[PDB]
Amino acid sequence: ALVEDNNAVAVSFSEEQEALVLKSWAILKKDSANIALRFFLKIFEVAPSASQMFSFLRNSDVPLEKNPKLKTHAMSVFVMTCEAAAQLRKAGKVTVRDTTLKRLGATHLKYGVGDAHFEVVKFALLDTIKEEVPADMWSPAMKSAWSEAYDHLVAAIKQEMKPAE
């Protein structure tokens, strides 16, 4: 991040922001299957080519609604973004196991996932949360808390998607 970019940036993420992510996630969990669905239907609406990276041959599950990869993937983005918030809050940086990040970098690079894709997914995530939590709790602050967590997780993954030259 070019706010004081060198090799170690100030990843300020407050307890309030984590709280925002935690209580909204708490409500979203009460209906996991449904939000995961809405989440991927939104990705597919914005970038059909994205959902095409998941296919459906092994399961042969053609319908998007029955594409297991989609549900599992939707949950991974939420859960890992929600953990990234907690990590930013406690450690000041994403702390995904080295092996786990290397595996995420390789997988996404292997599927041609680029910046626009990460951005569309973020847009769909934020849209899905806004659409799912009560209007009394959504706020720009909640939107930003999620965005910060997501953005940092993505940056960590992208790091294992290029040469550490």
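Residue positions are given as counts along the sequence shown, with the first one as 1.
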Mean C-alpha B-factor comparison - 15-23 and 151-159, higher one: 15-23
Per the entry, higher mean C-alpha B factor between 26-34 and 111-119: 26-34
Options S139, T99, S49, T128 - largest CA temperature factor per the record: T99
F40 CA temperature factor, ranked by third within the chain: middle
Modelled-residue ranking by C-alpha temperature factor, third containing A124: lowest
